[PDB]
Amino acid sequence: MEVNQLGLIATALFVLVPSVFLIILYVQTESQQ
Amino acid sequence: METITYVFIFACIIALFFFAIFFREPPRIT
Amino acid sequence: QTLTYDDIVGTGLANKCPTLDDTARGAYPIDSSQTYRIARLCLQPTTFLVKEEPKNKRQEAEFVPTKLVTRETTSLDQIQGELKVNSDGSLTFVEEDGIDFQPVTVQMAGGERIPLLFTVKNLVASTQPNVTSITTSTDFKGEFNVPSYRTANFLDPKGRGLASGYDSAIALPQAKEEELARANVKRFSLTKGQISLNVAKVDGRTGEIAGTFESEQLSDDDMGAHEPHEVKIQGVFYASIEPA
Amino acid sequence: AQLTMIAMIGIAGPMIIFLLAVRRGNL
Amino acid sequence: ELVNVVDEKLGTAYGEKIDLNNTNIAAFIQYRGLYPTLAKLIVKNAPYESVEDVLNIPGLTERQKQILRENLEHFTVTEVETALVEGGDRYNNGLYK
Amino acid sequence: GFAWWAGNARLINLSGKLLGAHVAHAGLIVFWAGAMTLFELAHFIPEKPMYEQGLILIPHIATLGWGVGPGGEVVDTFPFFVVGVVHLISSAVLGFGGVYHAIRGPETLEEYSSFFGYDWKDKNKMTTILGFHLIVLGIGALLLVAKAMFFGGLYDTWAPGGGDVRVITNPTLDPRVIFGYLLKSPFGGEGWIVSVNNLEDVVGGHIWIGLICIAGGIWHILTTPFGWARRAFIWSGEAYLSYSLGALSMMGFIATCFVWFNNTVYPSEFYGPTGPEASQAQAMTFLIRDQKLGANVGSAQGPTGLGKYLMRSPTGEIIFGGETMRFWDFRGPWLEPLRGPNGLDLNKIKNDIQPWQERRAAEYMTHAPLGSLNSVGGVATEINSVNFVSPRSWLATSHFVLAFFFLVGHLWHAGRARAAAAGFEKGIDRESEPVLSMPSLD
Amino acid sequence: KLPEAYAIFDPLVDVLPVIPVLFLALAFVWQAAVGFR
Amino acid sequence: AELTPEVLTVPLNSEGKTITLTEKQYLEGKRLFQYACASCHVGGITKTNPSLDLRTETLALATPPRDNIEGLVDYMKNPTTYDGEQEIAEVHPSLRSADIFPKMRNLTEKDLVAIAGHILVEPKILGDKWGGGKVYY
Amino acid sequence: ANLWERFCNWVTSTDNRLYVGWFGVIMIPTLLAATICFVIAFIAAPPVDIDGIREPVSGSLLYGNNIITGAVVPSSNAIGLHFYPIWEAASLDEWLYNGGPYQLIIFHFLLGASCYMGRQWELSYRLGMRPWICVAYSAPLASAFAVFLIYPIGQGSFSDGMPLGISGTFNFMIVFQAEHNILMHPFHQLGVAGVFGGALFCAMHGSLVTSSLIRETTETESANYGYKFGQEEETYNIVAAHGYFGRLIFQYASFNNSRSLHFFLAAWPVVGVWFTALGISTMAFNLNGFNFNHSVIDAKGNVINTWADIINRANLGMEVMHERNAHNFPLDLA
Ligand code: CLA
Ligand code: CLA
Ligand code: CLA
Ligand code: CLA
Ligand code: HEC
Ligand SMILES: CC1=C(/C=C/C(C)=C/C=C/C(C)=C/C=C/C=C(C)/C=C/C=C(C)/C=C/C2=C(C)CCCC2(C)C)C(C)(C)CCC1
Ligand SMILES: CC1=CCCC(C)(C)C1/C=C/C(C)=C/C=C/C(C)=C/C=C/C=C(C)/C=C/C=C(C)/C=C/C1=C(C)CCCC1(C)C
Ligand SMILES: CC1=CCCC(C)(C)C1/C=C/C(C)=C/C=C/C(C)=C/C=C/C=C(C)/C=C/C=C(C)/C=C/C1=C(C)CCCC1(C)C
Ligand code: OEX
Ligand SMILES: [Cl-]
Ligand SMILES: [Cl-]
Ligand SMILES: [Fe+2]
């Protein structure tokens with residue numbers, strides 16, 4: 001299908017940036033206790 | 001590519017389910 | 001001793017043509033003087049073959065088998081017409097009326113659906129001269145009409161049609177319409193098909209005959225949207241003859 | 001003429017209660 | 001080269017009179033005496049080469065010939081358009097109210 | 001321990017007050033049967049089909065062969081009146097017994113008489129009461145056989161000639177047929193027991209059911225439940241009520257589909273046509289109309305490529321085209337004359353349609369069971385004019401609703417009965433909370 | 001329509017089918033009387 | 001606007017004589033049309049043959065003319081096809097066929113007039129809605 | 001110690017991380033069959049001739065759909081209410097064209113979902129609970145039965161059951177409105193009241209409890225750490241919440257009894273959703289919404305339109321366009 005090329009990069013980043021943020025904060029939480 | 005993207009995300013959600021259930025923080029009393 | 005509806009319903013036998021005893025090897029003789037009709041002609045296809053598109057120039061594509069997906073919905077039946085004696089003793093059946101079409105869709109290898117209008121509409125079919133008797137070597141050859149699979153009111157998924165519907169791609173208001181003319185402007189095809197009917201059983205007592213048939217015709221072109229495929233249909237027929 | 005016989009029916013019910021109370025019965 | 005044949009036929013007499021060769025049968029209600037009886041006959045005996053051929057329909061009574069003459073000016077004939085006669089569309093073209 | 005809004009649960013162990021509740025409520029049922037009939041008769045006009053008149057009980061009586069003649073033409077109204085009166089009168093006797101037993105009779109029975117008293121937990125007394133009622137039910141089913149065979153028969157929409165009251169002389173006893181129904185698929189073209197389509201089978205089944213019920217009634221009076229049954233059920237009044245709520249719910253769903261699909265024991269002459277019937281009747285109608293105009297309905301290709309008037313079902317039977325292709329399992333007496341063994345027969349269609357069939361199809365088409373809640377007939381976009389909702393829509397919708405809530409009531413009471421039987425229906429014991437003595441999950 | 005000799009009670013009859021409903025209503029007048037005990 | 005005598009004034013015959021209904025006749029006719037005719041002719045259409053409607057211009061072109069009280073009362077007694085060539089009492093409600101169409105049994109001669117009057121008045125009030133179908137709902 | 005009795009012990013064990021139970025014994029296979037067929041069909045099923053007119057609708061991702069437009073398409077109108085298991089098709093290719101997978105999925109799901117409700121009773125009994133959580137789930141379950149089973153039964157075709165997809169859902173609810181005027185049906189109006197009210201009382205209850213949490217924490221920590229799982233003391237002050245809410249309205253429109261309050265929370269959306277499921281279930285037998293079309297006319301008899309007539313104009317445009325090739329005769333009677 002003739003689909004917006006940037007949709008892919010947009011989706012990947014939309015997923016990746018907020019997810020990595022959350023993981024960073026979780027892992028350094030476990031390294032405390 | 002859009003098909004792969006859709007199924008990929010869906011696949012991630014199912015995997016998350018697995019960890020959320022079997023690798024949860026186990027509730028502990030008082 | 002015939003069957004009833006409630007014995008047949010749901011069996012699939014409603015889509016089968018009547019069969020003749022394998023004893024039935026007689027001959028129905030023809031009085032040049034008297035006139036005759038076919039009170040029932042039944043055509044029951046068994047095989048759908050489709051011509052491939054061979055891409056090159058001198059390989060000529062073959063007929064490949066297909067898978068039927070529209071179920072026991074395929075037979076032509078209750079067909080009737082004049083049966084005339086020509087000057088040189090050939091017979092000529094002229095179709096008048098009957099359930100003389102069925103939409104069919106078969107599937108090629110790879111998934112492609114091929115719809116077609118399996119029909120004998122306006123069939124005229126003749127024998128060789130000097131018949132005088134219909135026998136287990138009598139052959140009919142003829143041609144029929146193949147109208148458009150969809151008739152003129154049919155609306156495509158964007159609402160476009162021939163006798164009704166939009167005349168443009170309304171979801172693309174400032175698109176250049178030249179690329180879309182083939183899809184926008186619907187056309188009613190009308191083509192011919194050929195059929196041979198080979199008589200192999202004959203009940204001389206009752207005027208029932210039966211045998212094999214092969215027809216060749218075109219598939220659906222989606223109102224000119226795309227190019228049709230060539231289709232070859234094999235099956236069995238039964239017919240009954242009456243003094244008119 | 002749909003009060004010459006209805007109204008009496010709808011009152012029958014509550015009149016039974018107004019008579020059992022006011023005469024204290026096993027309500 | 002891609003023409004909508006029905007639209008093209010609206011540019012002919014077909015678009016102004018009852019076309020004895022194409023028009024759906026409900027058109028014969030617009031003039032008196034013609035529906036259902038004569039309309040039934042006109043349709044089954046189409047096609048016609050001239051408007052005047054309707055009167056050579058076998059079995060016409062003299063009263064029926066009078067009605068047709070009374071209405072010949074409301075008829076026309078154009079070429080049969082396959083798209084308008086296939087599907088039994090002259091008896092029922094999918095239009096109701 | 002119960003509040004006012006659960007106050008009828010105070011009757012669980014008051015067998016005498018609970019008798020009065022049941023018999024007074026039985027009176028309400030008979031009252032409505034009688035009153036509703038007289039209301040319908042007072043409003044009845046014979047020249048109008050019943051189903052133009054919002055009647056649901058006159059049609060049940062007529063179906064038993066009373067008041068009607070050939071065609072369902074109403075011949076004599078007096079049977080209706082009699083049925084209404086006798087029910088209405090009989091409800092005073094039940095009202096009388098109910099208020100007596102609820103208010104003045106002995107609160108509890110088991111001291112006055114050891115025969116009428118019962119403990120819910122007395123499995124033998126309970127199977128005995130069950131048995132008596134089974135016999136009664138068996139008698140009732142036989143009453144219908146008696147009417148059909150010995151007191152005038154029943155209305156037969158399939159009677160040759162348009163329908164008529166016919167005495168049933170050869171009820172079907174062959175258990176391959178009777179029990180055959182119970183094993184047919186509930187799906188389309190099969191229809192489980194909803195597909196019964198002749199009165200021989202109806203009457204024969206009631207013979208079987210009457211005997212089965214009498215037989216089981218005797219069985220249960222004479223036995224006590226075996227141990228596997230003792231260990232699998234809860235034995236309490238609430239538990240038993242839950243069992244019957246479940247059974248009534250299932251029966252309500254069946255009745256819904258019965259009145260929506262079946263045009264034998266709900267003749268369309270009285271109840272109006274079924275949805276499928278009406279839809280078949282429309283294709284019949286325009287086929288007739290168009291063929292009179294000269295159309296060859298057999299060779300006429302519609303827009304889709306499928307026949308405009310006639311096509312094949314998936315097993316090949318010739319059937320009506322258009323959307324009604326879904327309803328080709330429809331069978332009705334106005335239609336069957338046209339069916340041959342391949343389905344609808346093109347030569348009977350061209351040659352043998354009768355005026356009475358034209359009339360019936362126009363009538364049913366224009367009386368399809370479609371209507372608004374305020375009784376405006378037709379499709380939902382239709383204008384006001386026609387005051388009409390089919391008795392079948394009223395009977396189907398009402399009983400779906402009641403069936404649903406009785407299923408909720410079954411779940412409600414079945415859960416409660418289990419928890420009360422185990423001793424925790426009122427909540428968790430703080431000092432012995434089961435979960436706190438169980439190991440953690442993780 | 002009813003038989004002629006009962007013509008009289010026509011309008012009482014338009015009302016009879018509704019009486020069962022009244023018993024439910026009546027149950028609530030009784031509990032209002034007794035204080036929803 | 002109101003139900004004035006001019007609107008209640010409809011042709012009596014083809015001669016051109018005319019008749020003025022009362023409000024009473026009009027509402028009488030509307031009621032009777034709902035009782036006996038609307039199941040198929042709601043709004044002036046014909047659900048079982050949409051090609052023939054109750055518009056005044058259609059009735060006018062019918063053989064014999066039916067745009068008048070006389071033609072309509074006759075039609076209700078002895079209905080014919082639109083060209084007049086055959087009688088269709090067997091499949092259309094009519095006093096001639098009240099045996100098979102029971103609703104016609106108790107219609108009196110004045111009832112017929114009130115019904116025919118309603119049919120001729122309603123197009124004057126509703127316009128193209130009368131006989132026009134869902135497009136004009 | 002016997003084999004069957006040890007099996008029974010494991011089936012009903014309160015110690016499995018996920019409870020199985022006897023309802024579980026049917027639920028698990030049927031929901032696995034429905035899930036697995038759904039996922040495969042959604043991704044890769046070929047187009048299905050939903051309306052029986054040899055006009056297949058493409059529903060799956062690989063045939064040019066996205067997450068919003070894709071669906072498992074309902075089975076063919078040519079099949080109606082006939083049972084169409086795989087082994088009744090000449091081939092899988094036929095079963096696919098005619099919409100077999102919808103049937104497989106909805107029958108397995110409705111079974112497994114009925115057993116889901118029963119499993120809720122069961123574990124409630126094994127744990128010494130009160131039993132009626134399952135009664136609350138009967139509301140959603142009844143709703144799924146209505147759109148997948150009841151409405152098809154009444155209209156005579158699974159082709160008219162709700163599609164398994166996002167836009168298919170919208171298609172179903174638009175066509176429903178044209179054919180039943182569901183907006184003007186009182187049972188749908190009670191559904192909206194049950195669902196709007198449910199979200200309202202959700203927000204209310206959550207904001208009231210949250211407003212009255214007792215200070216157990218500092219401004220640098222989540223308040224949620226003020227509650228410890230299994231503590232015996234309640235974690236908010238209900239009298240303070242009653243005192244605020246009763247002054248926001250008046251005293252007697254406010255609940256001081258937590259049991260009545262939570263029972264209210266349960267009953268309002270459950271009963272509203274029962275009624276709306278009953279709406280779909282009775283419109284399945286064409287007892288449609290109120291029809292006030294042309295109900296207001298003037299002294300002469302001109303129609304005076306209301307908002308109901310405007311609704312009708314919109315319903316008309318839905319009616320005449322839907323399934324634009326499937327009707328050959330003037331009335332859409334099912
Ligand atoms: C079918 C409906 C029905 C029936 C038959 C019953 C029957 C009964 N209820 Mg239940 N109840 C119902 C609905 C019903 N209830 C509803 C809807 C509610 C919710 C409000 C309740 C709430 C409720 C509570 C809270 C209690 C009962 C109790 C009782 C029992 C004792 C009542 C008593 O002494 O009243 C005394 C009442 C009177 C003296 C007033 C007059 C009542 C008469 C019978 C009215 C009938 C009039 C009629 C026209 C007369 C016809 C006469 C003619 C036929 C001869 C009785 C068996 C009580 C119980 O269990 O006791 C242990 C109890 O505490 N009920
Ligand atoms: C199923 C309902 C039912 C049940 C189980 C009972 C049970 C009882 N009643 Mg109650 N009663 C009922 C209905 C019921 N009654 C009704 C409907 C009425 C009004 C007529 C009464 C009026 C009544 C009174 C006035 C008294 C009782 C008493 C009693 C007790 C003694 C019975 C006895 O020895 O009678 C003797 C048995 C007979 C005379 C045999 C009766 C034969 C019957 C009438 C024929 C049955 C045929 C058939 C099943 C009925 C259907 C016909 C119909 C369809 C047309 C007993 C616990 C007494 C009691 O406990 O007082 C302390 C008492 O004083 N009852
Ligand atoms: C109101 C009707 C009724 C009721 C409530 C009971 C109640 C009871 N019966 Mg009795 N019974 C009845 C009628 C009834 N019976 C009749 C008429 C007969 C004569 C045929 C019998 C013959 C009978 C015998 C021979 C026995 C009982 C037994 C019992 C007890 C155990 C029941 C049980 O476990 O079933 C639960 C049923 C099962 C576990 C197996 C049923 C599986 C079927 C196939 C399910 C089908 C459901 C399906 C969805 C619907 C379609 C139906 C299908 C056939 C097409 C219980 C007290 C037993 C007992 O203890 O007797 C003392 C016993 O052995 N009953
Ligand atoms: C044979 C049928 C049957 C029987 C005998 C019982 C018997 C009982 N039920 Mg069960 N119940 C049933 C069906 C039945 N139920 C159904 C079908 C449901 C599903 C909704 C329930 C749900 C249910 C619940 C949730 C509860 C009971 C409870 C009870 C007990 C007390 C009930 C009471 O006093 O209510 C008194 C009556 C009222 C409070 C009035 C109810 C009024 C209804 C809701 C209004 C209907 C209005 C009508 C349709 C339209 C109005 C028209 C207008 C003109 C008036 C009693 C043991 C209670 C219990 O567990 O006790 C152990 C209880 O908590 N029942
Ligand atoms: C269906 C069951 C109908 C009912 C009830 C009524 N009419 Fe009818 N009508 C119907 C049809 C199928 C036809 C066409 C008949 C034909 O083949 O020509 C008609 C026609 C009429 C006409 C003629 C209209 C015209 O254009 O000339 C009239 C005037 C008419 N019908 C009136 C009428 C009346 C007054 C009715 C109630 C008493 C009535 N019809 C009922 C179908 C049906
Ligand atoms: C058949 C008949 C008869 C009988 C009848 C009867 C049986 C009656 C009954 C009656 C009844 C039985 C009545 C009742 C009534 C009731 C009512 C009328 C009620 C009301 C109510 C109300 C109104 C309520 C209110 C309230 C309350 C109280 C509380 C809470 C709130 C409320 C609001 C709910 C007679 C004799 C006539 C004779 C003839 C015929
Ligand atoms: C028990 C109880 C306690 C708590 C409260 C609650 C009210 C719920 C409660 C329940 C009460 C119940 C349900 C009461 C039951 C009473 C019943 C069913 C009463 C029935 C009364 C019937 C009677 C008279 C009928 C009278 C009949 C007559 C003349 C007939 C006359 C007629 C004849 C003969 C010819 C036709 C015309 C006409 C006039 C109709
Ligand atoms: C009378 C009639 C008229 C028209 C024609 C027709 C020939 C059809 C005809 C005949 C009809 C006949 C003979 C009907 C027969 C009906 C029969 C036999 C009904 C069958 C009922 C059986 C049912 C529900 C069984 C339900 C079983 C359940 C709960 C089991 C539950 C349980 C299970 C499964 C495990 C253990 C715990 C527990 C709770 C016991
Ligand atoms: O399919 Mn689905 O949608 Ca219930 O209506 Mn008829 O069908 Mn079709 O149309 Mn409208
Ligand atoms: Cl659509
Ligand atoms: Cl259609
Ligand atoms: Fe809370």
Side-chain angles (χ1 to χ4, degrees), chain F residues 185 187-189 257 260 275-276 278-279 282-283 286 302-306 308 313-314 321-323 325-327 329 368-374 376 379-384 389 392-394 396-397 400-401 404 408 411-412 415-416 418-419 422 424-425 427-428 433-435 438-439 441-442, chain I residues 14-15 17 52-55 77-83 121 124-125 127-132 134-135 138 142 150 153-157 159 178-181 185-186 274 278 281-282 284-295 312 315-316 319 323 325-329 331-334:
Chain F
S185 187
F187 284 96
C257 292
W260 194 249
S279 163
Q282 174 177 223
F286 286 91
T304 60
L306 287 166
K308 202 182 303 180
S313 87
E323 265 212 315
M325 75 180 59
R326 59 177 65 169
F327 295 125
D329 310 303
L370 278 79
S372 68
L373 191 52
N374 59 316
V376 188
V379 301
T381 55
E382 186 60 276
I383 57 171
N384 271 271
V389 169
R392 297 183 187 271
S393 296
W394 289 121
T397 62
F400 188 85
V401 179
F404 172 79
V408 176
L411 296 175
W412 182 268
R416 203 180 179 285
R418 278 284 189 121
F424 44 77
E425 83 282 17
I428 291 177
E433 182 176 4
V435 162
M438 312 175 168
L441 296 171
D442 54 6
Chain I
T14 55
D15 288 352
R17 174 71 179 74
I53 50 165
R54 314 299 179 73
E55 193 190 305
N77 191 47
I79 294 169
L81 294 173
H82 288 240
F83 193 51
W121 163 74
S124 104
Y125 187 67
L127 297 183
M129 276 167 67
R130 279 146 57 83
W132 298 301
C134 74
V135 172
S138 81
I150 307 314
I153 278 164
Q155 302 299 300
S157 185
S159 62
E179 299 188 334
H180 299 283
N181 210 346
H185 191 295
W274 282 341
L278 288 169
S281 287
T282 55
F285 305 106
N286 306 328
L287 188 61
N288 299 333
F290 288 119
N291 179 338
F292 301 122
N293 306 326
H294 299 198
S295 283
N312 203 40
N315 292 349
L316 273 161
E319 167 190 310
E323 297 162 7
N325 295 317
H327 315 92
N328 297 343
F329 311 114
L331 295 169
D332 187 14
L333 291 171

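Side chains included, hydrogens not; waters and symmetry mates left out as well; all remaining heavy atoms used. Convention: sequence-line order gives letters A, B, ...; per-chain numbering from 1.
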CD (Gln282(F)) and CZ (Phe327(F)) are apart, to the nearest 0.5 Å, by 11.0 Å
Region of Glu319(I) that comes under 4.5 Å of a non-hydrogen atom in chain F: side chain
Under a 4.5 Å heavy-atom cutoff, which of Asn384(F), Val376(F), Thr304(F) has the most pairs with chain I? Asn384(F)
Scored by heavy-atom pairs under 4.5 Å with chain F, the best of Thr282(I), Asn328(I), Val135(I), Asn77(I) is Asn77(I)
Which atoms form the tightest heavy-atom contact between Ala284(I) and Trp260(F), and what is the distance? O-CZ2, 4.5 Å
Of the listed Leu373(F), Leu306(F), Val435(F), the one with the largest count of heavy-atom pairs under 4.5 Å with chain I is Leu373(F)
If you apply the rule side chain to side chain contact (heavy atoms under 4.5 Å, CB included), what do you find for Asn181(I) with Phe290(I), and how did you get there? CA-CA 7 Å; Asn181(I) 210 346; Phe290(I) 288 119; over 6 Å; no
If you tally heavy-atom pairs under 4.5 Å between each of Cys257(F), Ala368(F), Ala283(F) and chain I, the highest tally belongs to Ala283(F)
Greatest number of heavy atom pairs closer than 4.5 Å to chain F - which of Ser138(I), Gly289(I), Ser159(I): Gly289(I)
Chain I: which of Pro439(F), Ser393(F), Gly371(F) shares the most heavy-atom pairs with it under 4.5 Å? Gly371(F)
Derivation and outcome, side chain to side chain contact (heavy atoms under 4.5 Å, CB included), residues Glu323(I) and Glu323(F): CA-CA 10 Å; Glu323(I) 297 162 7; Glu323(F) 265 212 315; 2.8 Å; yes
Among the options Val401(F), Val379(F), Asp442(F), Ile428(F), pick out the one with the most heavy-atom pairs lying under 4.5 Å from chain I. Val401(F)
Under the criterion side chain to side chain contact (heavy atoms under 4.5 Å, CB included), I'd like the reasoning laid out for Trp274(I) against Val408(F): C-alpha separation, chi angles, the key distance, then a yes or no. CA-CA 10 Å; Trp274(I) 282 341; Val408(F) 176; 3.6 Å; yes
Please state whether the rings of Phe286(F) and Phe329(I) are parallel, tilted or perpendicular, taking 30° and 60° as the class boundaries. parallel
Would you find a donor on one side and an acceptor on the other, under 3.5 Å apart, between the side chain of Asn315(I) and the backbone of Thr381(F)? no
Heaviest contributor of heavy-atom pairs below 4.5 Å to chain F, chosen from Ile53(I), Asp15(I), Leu287(I), is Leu287(I)
Which residue out of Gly52(I), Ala78(I), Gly128(I) racks up the most heavy-atom pairs below 4.5 Å with chain F? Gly128(I)
Of the backbone (N, CA, C, O) and the side chain (C-beta and beyond), which part of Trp412(F) lies under 4.5 Å from a heavy atom of chain I, both, or neither? both
Full working for side chain to side chain contact (heavy atoms under 4.5 Å, CB included) between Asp329(F) and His82(I): CA-CA 10 Å; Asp329(F) 310 303; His82(I) 288 240; 2.9 Å; yes
Flag the one option from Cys134(I), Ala178(I), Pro186(I), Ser281(I) with the top tally of heavy-atom pairs under 4.5 Å to chain F. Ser281(I)
Select one option (side chain, backbone, both, neither) describing which atoms of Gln155(I) are under 4.5 Å from chain F's heavy atoms. both
To the nearest 0.5 Å, how far apart are CZ in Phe424(F) and CG in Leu127(I)? 9.0 Å
Tell me, for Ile383(F) versus chain I, whether the close heavy atoms (under 4.5 Å) come from the side chain, the backbone, both or neither. both
Does the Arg130(I) side chain pair with the main chain of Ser124(I), one donor and one acceptor, at a distance under 3.5 Å? no
What residue, out of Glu179(I), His185(I), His180(I), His327(I), has the most heavy-atom pairs lying under 4.5 Å from chain F? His327(I)
Chain I contact via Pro276(F) - side chain, backbone, both or neither, heavy atoms under 4.5 Å: neither
How many angstroms lie between CD in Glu382(F) and CG in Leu370(F), if you round to the nearest 0.5 Å? 10.5 Å
For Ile153(I), is it the side chain, the backbone, both, or neither that has a heavy atom closer than 4.5 Å to a heavy atom of chain F? both
Structural part of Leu278(I) lying under 4.5 Å from a heavy atom of chain F: side chain
